């Protein structure tokens, strides 16, 4: 299945935060309604934050995360969870190699804000 794609409510503020856990430098692309609106680049093997931004979901509410390392696409896994019928998390893991830890870049999207 396609992974890393989430339908948010339209025209809604959300947070996006990326963490790195790999020898490789991670490149995280954030697309809103099929346009790149943020790119995070960084390297850590200890969960450093390589980007954190507030964005708007735009007319369609479509948010897509893509992860690569020097142009090679990582394999993605994702899901959305809703707590108390109101608090939303859209969660992404990614794998750049063969160990299947899926933490090489970790992306957390949260809404609502405020």
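Residue numbers count along the first chain shown, from 1.
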item	value
77-85 versus 27-35 - greater average Cα B-factor per the deposited record	27-35
Residue of maximum C-alpha B factor among 90, 16, 105, 10, per deposited coordinates	10
Chain-relative CA temperature factor third for residue 54	highest
Residue 99, C-alpha B-factor rank within chain (lowest, middle or highest third)	highest
